[PDB]
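The numbers here are math on the coordinates, done by the rules we state, and not lab data. Cβ sites come from the backbone with ideal geometry, for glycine too, and all protein chains shown count toward neighbours.
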Amino acid sequence: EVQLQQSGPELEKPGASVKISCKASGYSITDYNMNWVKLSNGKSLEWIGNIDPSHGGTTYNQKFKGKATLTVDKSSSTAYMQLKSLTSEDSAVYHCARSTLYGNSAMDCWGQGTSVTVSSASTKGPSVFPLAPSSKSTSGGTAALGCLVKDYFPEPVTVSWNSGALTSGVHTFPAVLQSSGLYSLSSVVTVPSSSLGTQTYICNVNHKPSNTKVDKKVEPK
Amino acid sequence: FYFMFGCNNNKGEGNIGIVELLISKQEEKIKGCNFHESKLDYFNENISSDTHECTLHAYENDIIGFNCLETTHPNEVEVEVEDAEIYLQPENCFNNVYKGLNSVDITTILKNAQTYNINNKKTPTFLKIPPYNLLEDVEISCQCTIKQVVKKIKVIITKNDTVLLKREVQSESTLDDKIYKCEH
Amino acid sequence: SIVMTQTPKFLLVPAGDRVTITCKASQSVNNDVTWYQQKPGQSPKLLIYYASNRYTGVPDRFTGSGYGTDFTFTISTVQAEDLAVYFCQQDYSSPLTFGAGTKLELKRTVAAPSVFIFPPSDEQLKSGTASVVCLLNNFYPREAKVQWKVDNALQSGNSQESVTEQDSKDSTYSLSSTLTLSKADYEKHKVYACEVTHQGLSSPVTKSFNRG
């Protein structure tokens, strides 16, 4: 029905500037008010500001005024938000939302969210390693197998099995931040032991900041 | 008030320029909402502190007011005190007005509106309604934060296809030292 | 500005039972309040607008009530997929303020974990690092403690833990423990074991392997 498309994550130096974009489809951009919402640490929503493309008027929340700039492009039906002098407090996931122009301002449609990270450590690519349940006491019942993602920065990292197949029984754990400033993640999947010798399990790991794509097979040893 | 000023060029053997100006009162009442404790004699609607919203009906050639700061009455000693940090949204109230959540300039609602502000005072702000073709009942609003409390003013801009035929106001006479007197 | 207070911060309810979330304002807002619901890894979704009206397509089990200063959000029958965090929002005067948020959880019965351990891979050993990963699944409650032993010697300060978001398939927790050791230190020992203690276990559960 209505789709809101945002850009991928950013990784800028301290004091830098970003200009994220929000593409709207399925409706006329001038027919609905659109605003941004900030997610402090992913557990507290915060209203930043809104822009009305019908007249170009802009309203900013007071502690975000000046620090952020809002603009719209009616020809492309895409709207942009700019941040000035990024600080560690600005590291959060920003969502685009759609609301009515006049009257109510309930936010009806939300995008997938753009993550802005203020670089505290250098960029690095993940190291994918296999986790073989075998070579041990026994693989009783179903055999749980997975992969280890270590020393990557910044978040996020996407892990999929068999190019999106075998969705059930997949456990992807949240990333852990080490003293070196590099994230580590582990994803596991539970499969019957009888398929250990007659089935191929492959994990797909994608890291957009480093453009790293790894397809690692997991086999018993 | 009756005065002059101008330029004098007598020393350079030139002519002399004089401007004659007079100022007279037009109307005694302004349909505005005063959310402050200090009442205004020329504001039609003074709103008690218990009430946080005020609604007005507007029409052509009418003046709308909006005050959220103190006013110096003759009983008060005038002193040089900085204006309080009044949180007014938008920063300008009536040139750009809230039509909900988005800010829109007043000229988009009213055809070439005339707005008056004070350079040395954040509030009040005034608007004189110009002749306009927007016959619809449009809603515009401002807001102020007085003592961590948000005050909102609502203005109903209307221009009916037929103006009200009559407006009859009835008042009862009052006795003032054995004399029948009527207000207004 | 107007500030929302939303209680209780953490709310627990069994599946199929009614649950109510409260909200309090600082000043009269008439009827300009909205409610949002958000899954992990997903954007928030609007459920109630005007504080008492369901939005288009919202299931009938979601309802809201309240006017002026006290507002309540109620779910008639909670489902297994209703695990989410709920927020309230005022739409009276700018800036629009969101509530602190309230997290809804399901109880379920107590279940014991099943323990697996994974040996370091040959590829990682080529880089001079050895990592041992322990996997725990479908356990309740969340307070599961993990200890690592190398040749019956307790290890500390070199392990990390990570817990998931209680995947809605069965509303149970999973935990993964990773032990990081250098390749030189790894070659100095034979037996590597991990000890797991949990409320559902009458005794500690030990898994071990021999590689070296």
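Summary table below
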quantity: Region C:202-212, residues that are within 8 Å of chain A (Cβ to nearest Cβ) and not small (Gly, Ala, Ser); calculated: C:207, C:209, C:211
quantity: So residue A:136, is it surrounded by 17 or more Cβ atoms within 10 Å (Cβ to Cβ), among the basic types (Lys, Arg) and within 11 Å of chain C (Cβ to nearest Cβ); calculated: yes
quantity: Any pair with Cβ under 6 angstrom, 6 or more apart, that starts in region A:47-72 at a residue that is over 19 Å from residue A:29 (Cα atoms) and ends at one that is aliphatic (A, V, I, L, M) and not in a strand (DSSP E or B); calculated: A:47/C:96
quantity: Matching residues in region A:39-67 - criterion: being in a strand (DSSP E or B) and away from chain B (no Cβ under 14 Å); calculated: A:39, A:40, A:44, A:45, A:46
quantity: Subset of region C:1-37 that is surrounded by fewer than 15 Cβ atoms within 10 Å (Cβ to Cβ), farther than 14 Å from residue C:104 by Cβ and polar (S, T, N, Q) - its residue that is nearest to the other protein chains (Cβ to nearest Cβ); calculated: C:28
quantity: Filter result (of a type in the set (A, V, I, L, M, F, W, C), farther than 15 Å from residue A:123 by Cβ and outside any strand (DSSP E or B)) within region A:140-179; calculated: A:165, A:166, A:173, A:175
quantity: Where residue C:174 falls short, out of the listed (1) touching a residue at least 40 places away in the same chain (Cβ under 8 Å); (2) buried (at least 17 other Cβ atoms within 10 Å of the Cβ); (3) touching an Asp or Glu at 6+ places or on another chain (Cβ under 8 Å); calculated: (1)
quantity: Flag for residue C:125 being on the phi < 0 side of the Ramachandran plot, in contact with a helix residue (DSSP H, G or I) (Cβ under 7 Å, 6 or more places away or on another chain), of a type outside the set (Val, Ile, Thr) and within 14 Å of chain A (Cβ to nearest Cβ); calculated: yes
quantity: Only listed residue being within 13 Å of another protein chain (Cβ to nearest Cβ), within 30 Å of residue C:56 (Cβ to Cβ) and assigned to a strand (DSSP E or B), chosen from A:101, A:70; calculated: A:70
quantity: Which listed residue, of C:159, C:202, is free of Cβ contacts under 8 Å to residues at least 40 places away in the same chain, of a type outside the set (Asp, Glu) and crowded, with 16+ Cβ neighbours inside 10 Å; calculated: C:159
quantity: Qualifying residues in region C:111-126 (those that are part of a loop (DSSP other than H, G, I, E, B) and over 20 Å from the mean Cα position of the chain (by Cα)) - the one nearest to residue A:129 (Cα to Cα); calculated: C:121
quantity: Subset of region B:150-177 that is part of a strand (DSSP E or B) and among the β-branched types (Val, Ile, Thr) - its residue that is surrounded by the fewest Cβ atoms within 10 Å (Cβ to Cβ); calculated: B:174
quantity: Count - residues of region B:4-48 that are outside any loop (DSSP other than H, G, I, E, B) and either polar (S, T, N, Q) or free of Cβ contacts under 8 Å to residues at least 40 places away in the same chain (or both); calculated: 18
quantity: Given (1) at negative phi; (2) within 14 Å of chain A (Cβ to nearest Cβ), number of the condition residue B:115 does not satisfy; calculated: (2)
quantity: Any hit, region C:38-54, residues being of a type in the set (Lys, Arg), within 13 Å of chain A (Cβ to nearest Cβ) and either surrounded by 21 or more Cβ atoms within 10 Å (Cβ to Cβ) or in a loop (DSSP other than H, G, I, E, B) (or both); calculated: yes
quantity: Subset of region C:82-98 [more than 8 Å from chain A (Cβ to nearest Cβ) and among the small types (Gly, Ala, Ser)]; calculated: C:84, C:93
quantity: Whichever residue in region A:73-89 is crowded, with 20+ Cβ neighbours inside 10 Å and outside any loop (DSSP other than H, G, I, E, B) and, among such residues, is nearest to the other protein chains (Cβ to nearest Cβ); calculated: A:79
quantity: Residue count, region A:144-171 (criterion: surrounded by 18 or more Cβ atoms within 10 Å (Cβ to Cβ) and without any contact (Cβ under 8 Å) to a residue 12 or more places away in the chain); calculated: 0
quantity: So residue B:100, is it closer than 23 Å to residue C:28 by Cα, touching a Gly at 6+ places or on another chain (Cβ under 8 Å) and within 14 Å of chain A (Cβ to nearest Cβ); calculated: yes
quantity: Yes/no for residue B:151 being charged (D, E, K, R), closer than 21 Å to residue B:46 by Cα and within 12 Å of another protein chain (Cβ to nearest Cβ); calculated: yes
quantity: In region B:118-148, the residues that are within 14 Å of chain C (Cβ to nearest Cβ) and among the hydrophobic types (A, V, I, L, M, F, W, C); calculated: B:142, B:144, B:146
quantity: Residue check for residue A:19: surrounded by fewer than 13 Cβ atoms within 10 Å (Cβ to Cβ), in contact (Cβ under 8 Å) with a residue 40 or more places away in the chain and either in a strand (DSSP E or B) or of a type in the set (A, V, I, L, M, F, W, C) (or both); calculated: yes
quantity: Residue count for region A:104-128, restricted to those that are at the interface with another protein chain (Cβ under 9 Å from one of its Cβ atoms) and among the β-branched types (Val, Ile, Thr); calculated: 1
quantity: Some residue of region B:87-94 being among the polar types (S, T, N, Q) and farther than 24 Å from residue B:29 by Cβ; calculated: yes
quantity: Selection count, region A:22-38, where residues are away from chain B (no Cβ under 14 Å) and outside any strand (DSSP E or B); calculated: 3
quantity: Hey, residue C:118 touching a strand residue (DSSP E or B) at 6+ places or on another chain (Cβ under 7 Å), crowded, with 21+ Cβ neighbours inside 10 Å, more than 30 Å from residue A:65 (Cβ to Cβ) and within 11 Å of chain A (Cβ to nearest Cβ) or not; calculated: yes
